[PDB]
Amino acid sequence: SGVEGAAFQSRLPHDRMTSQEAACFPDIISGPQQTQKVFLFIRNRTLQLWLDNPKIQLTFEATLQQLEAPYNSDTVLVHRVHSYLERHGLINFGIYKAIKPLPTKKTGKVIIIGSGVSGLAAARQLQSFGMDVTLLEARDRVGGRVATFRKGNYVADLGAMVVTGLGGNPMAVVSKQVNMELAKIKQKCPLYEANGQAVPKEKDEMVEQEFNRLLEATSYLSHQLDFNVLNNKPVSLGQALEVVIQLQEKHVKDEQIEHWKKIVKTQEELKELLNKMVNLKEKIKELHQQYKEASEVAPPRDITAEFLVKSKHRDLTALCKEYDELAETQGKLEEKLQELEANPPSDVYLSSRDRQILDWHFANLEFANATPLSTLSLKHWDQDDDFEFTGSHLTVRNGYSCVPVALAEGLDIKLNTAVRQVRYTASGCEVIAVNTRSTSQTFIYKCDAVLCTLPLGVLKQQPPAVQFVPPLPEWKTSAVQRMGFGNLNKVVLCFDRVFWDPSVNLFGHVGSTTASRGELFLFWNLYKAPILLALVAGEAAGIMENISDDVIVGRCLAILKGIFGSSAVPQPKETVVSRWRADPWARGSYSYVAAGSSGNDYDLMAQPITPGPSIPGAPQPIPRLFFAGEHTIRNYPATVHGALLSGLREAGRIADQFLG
């Protein structure tokens, strides 16, 4: 339960071996199951020992110490497992205290492009492995897309502000090492329409399921019905959502038609009944006149006249009883007419307003995936859901910048230094860079390996900002073009004081139009100070970046005034506005599996580039250009924990190569 829990935190199955363990321990997986169990226990126990105190290094000696028999036998086995878990970053990763002071005898040289979480993690690991590492950053700061505004006692994350659960999250360990305060968030997102009036509980809950149900319906339309290509072209989540909505409206309509058709059927059957009853009535009238003309022949009569009277009597009674039967049926049909007239099917699927609120929900989905739903693949947009961490999603109250900065201690970061060209050959690598302040100052860094952590938005740039010599192969460039890089933005609003409900962490705004469903759609409180963050998502983001600061802040204050009152919003003290797609060093926000791509493209973008032979007929060169980043991890994309996992992985790979 404890060792197994260690397997769980480390994203490893506790009861079987992984492919990397089968590759580094091919002898154990290929032999007796008992020895496999032994290996698995040594793994899980070393991992538990590390995770129970991540602020100190775990040495092979301590591991064997703290092991018992029969698992303290095969000292080579234990040493092998420790080495594996250390090289791949499952133990002794992050900011820990070194028990074995490193060596000044450093082997190999690597240039890491980028000082984000990916690059910083890779650099720390490669330095601990004994290599010389120099990071080249264009910005004047570390962290990259982990950015924290800090003015006075105002602190607010402009990039990453969240940990998507701590159950199996690497960041958990880091949080114990950096002392970063994590705070929960409260479900409650009271929605408020344009008028400023809240949405009634009963329509809010309606619409919220209709949203969940429509998403499940897109999933069903993809996985059972195979509606993943249309017009020779791949389908998106938005196209499927609109197809589903259209079919629901069709259903309303058709049910409708069937109800009115039952009504017509019953009506016209009443028609025939009544019509027969009119005829029968005139006939009874005539027969009654005849009975009266016959029964006024005086009582002294032959038997033919008596027969006339009595036969007309019988015929009259028969026809009258038939009329009474038709008249009972008249009522048993009018009754069903007014039953059906009184249980009408539904008129609409979704009212205009209902639909605006559905648009708010769609905008939340667009915000978390940082892209218009028209850009996401219906079949592979949720391919990362099977690997979600367990627990409650949390926020960073002190500034999540705390992580990158702490990871940059003792590393050789060259800030304000922007790479222009990466040259890789069978003898080494040459990174050309410039000074962001004086472009004319050129720098040449020669290396045994390069680790590119450049954002996908930078790698997508055409005209290119970084040139690769020799040019990067097509199997990589097409993946770069296929994969999606999104955009989301924030508006940090600092204030005199709290004018909102301190008990609610999220409160929303429903937009007037579907096209404006992302325009300042959510306001968020998560700090000690009087700060509110206004979130911009979807197609709105890319447009809102071409609107002045003051105009955005004014729209924000306007909706806040409509919500809480013009007398309760003070004018903001400090205001910040994000523009991530315009950032020349980001070119957007985070990746999204786009229509036409898959998770195999992440893996392709994580594959190392191996140069060609300089001399013809020379032994195959070794790989030289390695890649890491959030756009390189399939099972955990577009996240900080994904970037750190990528950095650790690439550090392990590079060391496996150049250190053995």
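All residue numbers refer to positions in the sequence shown, first residue = 1.
- Just going by the entry, 536 to 544 versus 351 to 359 on mean CA temperature factor gives the higher value to 351 to 359.
- Set 486 to 494 against 556 to 564 and average the Cα temperature factors; 556 to 564 ends up higher.
- Reading the B-factor column for the CA atoms of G599, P611, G629, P616 in the entry, the top value corresponds to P616.
- Among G114, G89, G391, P200, the highest C-alpha B-factor recorded in the PDB entry belongs to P200.
- Ranked by Cα temperature factor within the chain, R517 sits in the middle third according to the deposited record.
- Ranked against the other modelled residues of its chain, the C-alpha B-factor of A7 as given in the entry falls in the middle third.
- In the deposited entry, the Cα temperature factor of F41 sits in the middle third of values across the chain's modelled residues.
- Ranked within its chain, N416 lands in the lowest third, by CA B factor from the PDB record.
- Sorting the modelled residues of the chain by their CA temperature factor places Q65 in the highest third.
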